[PDB]
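Following: one structure in structure tokens, then a few remarks.
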Amino acid sequence: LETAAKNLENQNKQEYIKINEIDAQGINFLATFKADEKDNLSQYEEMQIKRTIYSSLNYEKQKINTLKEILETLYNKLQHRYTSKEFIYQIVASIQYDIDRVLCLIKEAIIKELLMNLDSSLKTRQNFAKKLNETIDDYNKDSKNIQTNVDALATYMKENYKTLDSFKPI
Amino acid sequence: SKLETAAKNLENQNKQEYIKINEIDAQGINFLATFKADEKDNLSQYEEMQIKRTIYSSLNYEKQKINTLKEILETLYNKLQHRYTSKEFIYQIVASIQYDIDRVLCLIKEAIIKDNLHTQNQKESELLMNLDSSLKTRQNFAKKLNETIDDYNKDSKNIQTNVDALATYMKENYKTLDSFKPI
């Protein structure tokens with residue numbers, strides 16, 4: 001348990017320094033979301049999202065940029081705006097948060113079913129990553145017209161990121 | 001959102017704490033050596049860091065005051081008679097002040113995320129009160145801790161010169177974790 005905390009902690013710092021490296025080159029990934037005055041993308045929330053995304057896409061700028069275009073392209077159509085937001089604030093944040101929650105519960109133990117809870121929530125982020133990479137690949141091949149047609153992109157994203165629980169292990 | 005801009009001030013202050021601690025530690029000052037070396041209680045490097053979080057903050061990152069504390073806890077540790085007072089301070093008082101604060105930030109964060117889901121059950125004022133509370137505890141602690149570095153260096157009530165005085169004093173001044181909370 002101490003060893004999990006130790007490893008996971010070390011993973012968190014490594015992600016943090018990698019995210020900062022990428023963002024220093026001025027790729028404002030969630031720029032369009034930061035600019036939104038309806039919700040408030042807190043600095044903290046911005047950061048949690050990136051942990052999942054950046055890690056998922058193995059810190060490859062080109063890929064982060066490709067996804068930026070999908071989120072932005074749905075964002076630029078009022079009809080599908082909720083789809084881009086729900087992805088970020090509902091799926092991606094929930095995948096990330098869950099990992100975090102267990103690590104509080106692991107810390108709370110060390111200082112007073114957790115290892116299968118930690119197992120699960122890390123695994124849920126592995127299955128998301130895999131799905132996301134397929135999606136980046138699918139986009140660049142304009143499969144199901146999800147590059148030329150934003151209606152298709154909406155359908156595809158809706159269908160492929162329906163619920164948090166679908167990325168969980170069986 | 002006050003809750004969001006609470007998460008932000010703890011986040012960056014957490015970070016700023018981390019870079020100072022690692023710097024002070026870099027210079028070979030072995031604050032928790034004696035406690036790490038202990039078989040009976042495994043002290044994790046997280047556990048250790050969190051403890052430093054409350055102590056090095058409270059002593060304003062001044063090495064002198066840290067090694068004077070080091071001198072106190074090791075004096076207490078090496079007199080078998082009084083060795084558990086050294087740990088209660090470390091593990092039952094220090095590690096309890098720090099832990100309340102990180103627990104609130106876990107909860108503050110949950111509430112922020114759950115807001116975006118539309119499933120926020122946590123009352124937003126309760127978390128801020130709890131935040132404002134545990135911060136104040138650690139400052140009440142910090143104030144006590146500098147009193148105790150001053151006294152030791154002046155040998156007040158024979159605290160430097162008699163370990164039985166020192167054990168009494170630390171028990172008097174660091175009795176319960178609630179003894180530093182506001183009212």
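Ordering of the structure tokens sets the chain letters (A, B, ...); residue numbers start at 1 within each chain; ligands are numbered from 1 in the order shown.
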
Per residue of chain B within 9 Å of chain A, what are the shortest atom pair and its distance in Å to one decimal, counting only C-alpha atoms, with rows by chain and residue number, as a Markdown table?
```
| residue | atom | partner | partner_atom | distance |
| --- | --- | --- | --- | --- |
| B:1 | CA | A:40 | CA | 8.0 |
| B:4 | CA | A:42 | CA | 6.2 |
| B:5 | CA | A:42 | CA | 7.8 |
| B:7 | CA | A:44 | CA | 7.0 |
| B:8 | CA | A:44 | CA | 6.5 |
| B:11 | CA | A:44 | CA | 7.8 |
| B:44 | CA | A:2 | CA | 6.7 |
| B:45 | CA | A:6 | CA | 7.5 |
| B:46 | CA | A:6 | CA | 7.0 |
| B:47 | CA | A:111 | CA | 7.6 |
| B:91 | CA | A:111 | CA | 8.5 |
| B:95 | CA | A:111 | CA | 7.9 |
| B:96 | CA | A:111 | CA | 8.5 |
| B:99 | CA | A:111 | CA | 8.0 |
| B:102 | CA | A:104 | CA | 8.5 |
| B:103 | CA | A:104 | CA | 7.4 |
| B:106 | CA | A:104 | CA | 6.7 |
| B:109 | CA | A:44 | CA | 8.4 |
| B:110 | CA | A:97 | CA | 7.5 |
| B:112 | CA | A:45 | CA | 8.2 |
| B:113 | CA | A:93 | CA | 7.1 |
| B:114 | CA | A:94 | CA | 8.6 |
| B:116 | CA | A:89 | CA | 5.9 |
| B:117 | CA | A:90 | CA | 5.8 |
```

Every residue of segment 26-94 of chain B that DSSP places in alpha helix (DSSP H), as JSON, numbers by chain: {"B": [26, 33, 34, 35, 36, 45, 46, 47, 48, 49, 50, 51, 52, 53, 54, 55, 56, 57, 58, 63, 64, 65, 66, 67, 68, 69, 70, 71, 72, 73, 74, 75, 76, 77, 78, 83, 84, 85, 86, 87]}

Put those residues in a file: N, CA and C atoms, as a short mmCIF file (atom, residue, chain, number, x, y, z; two decimals), in the first residue's frame.
```
data_model
loop_
_atom_site.label_atom_id
_atom_site.label_comp_id
_atom_site.auth_asym_id
_atom_site.auth_seq_id
_atom_site.Cartn_x
_atom_site.Cartn_y
_atom_site.Cartn_z
N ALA B 26 18.45 18.67 0.69
CA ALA B 26 19.61 18.46 -0.20
C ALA B 26 20.93 18.68 0.55
N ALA B 33 16.14 11.17 10.22
CA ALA B 33 17.03 10.00 10.18
C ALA B 33 16.65 8.97 11.26
N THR B 34 16.61 9.43 12.51
CA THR B 34 16.46 8.55 13.66
C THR B 34 15.13 7.78 13.57
N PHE B 35 14.12 8.42 12.98
CA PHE B 35 12.77 7.88 12.92
C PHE B 35 12.64 6.87 11.77
N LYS B 36 13.28 7.18 10.63
CA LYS B 36 13.40 6.29 9.49
C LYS B 36 14.10 5.00 9.92
N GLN B 45 8.12 7.73 2.80
CA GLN B 45 8.74 8.95 2.30
C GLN B 45 7.65 9.98 1.97
N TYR B 46 6.42 9.50 1.74
CA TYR B 46 5.23 10.37 1.75
C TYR B 46 4.98 10.86 3.19
N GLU B 47 4.72 9.92 4.12
CA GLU B 47 4.54 10.21 5.55
C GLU B 47 5.53 11.31 5.95
N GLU B 48 6.81 11.05 5.67
CA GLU B 48 7.99 11.91 6.00
C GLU B 48 7.83 13.33 5.43
N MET B 49 7.49 13.40 4.13
CA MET B 49 7.36 14.65 3.39
C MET B 49 6.23 15.50 3.99
N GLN B 50 5.09 14.86 4.29
CA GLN B 50 3.91 15.53 4.86
C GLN B 50 4.26 16.15 6.22
N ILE B 51 4.98 15.39 7.04
CA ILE B 51 5.51 15.85 8.35
C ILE B 51 6.38 17.11 8.17
N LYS B 52 7.29 17.08 7.19
CA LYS B 52 8.15 18.23 6.88
C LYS B 52 7.30 19.41 6.38
N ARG B 53 6.24 19.09 5.64
CA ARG B 53 5.34 20.08 5.12
C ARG B 53 4.89 21.01 6.27
N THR B 54 4.52 20.44 7.42
CA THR B 54 3.97 21.26 8.52
C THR B 54 5.10 21.88 9.35
N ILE B 55 6.22 21.17 9.49
CA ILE B 55 7.34 21.63 10.35
C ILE B 55 8.16 22.73 9.64
N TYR B 56 8.65 22.46 8.42
CA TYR B 56 9.55 23.39 7.70
C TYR B 56 8.79 24.66 7.32
N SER B 57 7.49 24.52 7.05
CA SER B 57 6.62 25.68 6.88
C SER B 57 6.66 26.53 8.15
N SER B 58 6.43 25.88 9.30
CA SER B 58 6.23 26.54 10.60
C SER B 58 7.53 27.17 11.13
N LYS B 63 17.09 26.48 8.59
CA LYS B 63 17.84 25.28 8.96
C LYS B 63 18.14 25.25 10.46
N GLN B 64 18.53 26.40 11.02
CA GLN B 64 18.94 26.48 12.42
C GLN B 64 17.81 25.92 13.29
N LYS B 65 16.59 26.43 13.06
CA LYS B 65 15.42 26.09 13.88
C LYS B 65 15.01 24.63 13.66
N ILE B 66 15.27 24.10 12.45
CA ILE B 66 14.95 22.72 12.09
C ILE B 66 15.88 21.75 12.83
N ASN B 67 17.18 22.07 12.87
CA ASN B 67 18.16 21.21 13.54
C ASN B 67 18.03 21.32 15.06
N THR B 68 17.53 22.46 15.56
CA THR B 68 17.20 22.61 16.98
C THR B 68 16.00 21.72 17.34
N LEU B 69 15.05 21.59 16.41
CA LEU B 69 13.95 20.66 16.60
C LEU B 69 14.50 19.23 16.50
N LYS B 70 15.39 19.00 15.53
CA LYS B 70 16.01 17.70 15.36
C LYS B 70 16.67 17.28 16.67
N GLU B 71 17.34 18.24 17.31
CA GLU B 71 18.04 18.03 18.57
C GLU B 71 17.03 17.65 19.66
N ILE B 72 15.82 18.23 19.60
CA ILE B 72 14.84 18.00 20.65
C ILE B 72 14.30 16.57 20.53
N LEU B 73 13.89 16.18 19.32
CA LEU B 73 13.19 14.91 19.12
C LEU B 73 14.17 13.73 19.30
N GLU B 74 15.43 13.93 18.91
CA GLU B 74 16.46 12.90 19.07
C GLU B 74 16.90 12.76 20.54
N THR B 75 16.98 13.88 21.27
CA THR B 75 17.21 13.80 22.69
C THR B 75 16.09 12.96 23.32
N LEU B 76 14.84 13.27 22.95
CA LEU B 76 13.69 12.55 23.49
C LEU B 76 13.74 11.08 23.05
N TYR B 77 14.06 10.83 21.78
CA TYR B 77 14.11 9.48 21.21
C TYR B 77 15.14 8.58 21.94
N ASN B 78 16.29 9.16 22.34
CA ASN B 78 17.45 8.39 22.83
C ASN B 78 17.35 8.15 24.34
N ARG B 83 10.75 8.19 24.80
CA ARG B 83 10.81 8.07 23.33
C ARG B 83 9.46 8.14 22.67
N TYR B 84 8.38 7.87 23.35
CA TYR B 84 7.08 7.89 22.65
C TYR B 84 6.54 9.30 22.53
N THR B 85 7.08 10.26 23.27
CA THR B 85 6.64 11.67 23.24
C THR B 85 7.14 12.24 21.92
N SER B 86 8.32 11.79 21.50
CA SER B 86 8.96 12.21 20.24
C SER B 86 8.13 11.79 19.03
N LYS B 87 7.47 10.64 19.12
CA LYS B 87 6.65 10.07 18.04
C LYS B 87 5.23 10.64 18.09
#
```

Long-range neighbours of residue 119 of chain A as an NGL selection string, 10 Å cut-off, only C-alpha atoms, 5 positions minimum in chain: :A and (99 or 102 or 113-114 or 124 or 169)

Selection to disk with N, CA, C and O atoms, as a PDB file, in the first residue's frame:
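Below you can see part-v8.pdb, which holds the result:
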```pdb
ATOM      1  N   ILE A  99      -8.849   7.884 -10.126  1.00  0.00           N
ATOM      2  CA  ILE A  99      -7.462   7.559  -9.726  1.00  0.00           C
ATOM      3  C   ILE A  99      -7.115   8.352  -8.461  1.00  0.00           C
ATOM      4  O   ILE A  99      -6.684   7.782  -7.460  1.00  0.00           O
ATOM      5  N   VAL A 102      -8.839   7.380  -5.094  1.00  0.00           N
ATOM      6  CA  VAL A 102      -8.362   6.179  -4.478  1.00  0.00           C
ATOM      7  C   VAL A 102      -7.064   6.500  -3.735  1.00  0.00           C
ATOM      8  O   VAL A 102      -6.828   5.952  -2.650  1.00  0.00           O
ATOM      9  N   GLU A 113      -9.586  -3.597  -0.189  1.00  0.00           N
ATOM     10  CA  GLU A 113     -10.279  -3.406  -1.465  1.00  0.00           C
ATOM     11  C   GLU A 113      -9.723  -2.178  -2.205  1.00  0.00           C
ATOM     12  O   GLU A 113     -10.269  -1.773  -3.237  1.00  0.00           O
ATOM     13  N   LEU A 114      -8.651  -1.586  -1.672  1.00  0.00           N
ATOM     14  CA  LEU A 114      -8.142  -0.324  -2.180  1.00  0.00           C
ATOM     15  C   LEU A 114      -7.190  -0.567  -3.360  1.00  0.00           C
ATOM     16  O   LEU A 114      -7.057   0.285  -4.236  1.00  0.00           O
ATOM     17  N   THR A 124      -8.939   1.699 -16.287  1.00  0.00           N
ATOM     18  CA  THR A 124      -9.961   2.509 -16.967  1.00  0.00           C
ATOM     19  C   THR A 124      -9.311   3.627 -17.797  1.00  0.00           C
ATOM     20  O   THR A 124      -9.847   4.013 -18.846  1.00  0.00           O
ATOM     21  N   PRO A 169     -12.417  -2.097 -16.695  1.00  0.00           N
ATOM     22  CA  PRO A 169     -12.241  -3.525 -16.953  1.00  0.00           C
ATOM     23  C   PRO A 169     -13.481  -4.339 -16.547  1.00  0.00           C
ATOM     24  O   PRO A 169     -14.279  -3.902 -15.691  1.00  0.00           O
TER      25      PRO A 169
END
```

Counting only C-alpha atoms, the residue of B:92, B:60, B:13, B:98 that sits nearest residue 138 of chain B: B:98

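All residues of protein, DNA or RNA that reach within 8 Å of segment 66-76 of chain A, judged by only C-alpha atoms and not counting those fewer than 5 positions away in the chain, are residues 29, 30, 32, 81, 82, 83, 84, 85, 136, 150, 153 and 154 of chain A.
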
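In this structure, atom CA of residue 61 of chain B sits 24.8 Å away from atom CA of residue 178 of chain B.
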
Shell of 8 Å around segment 152-164 of chain B, only C-alpha atoms, local chain residues under 3 positions omitted, as a ChimeraX atom specification: /B:75-76,79,82,148-149,167-169

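Between atom CA of residue 52 of chain A and atom CA of residue 23 of chain A there is a distance of 14.8 Å.
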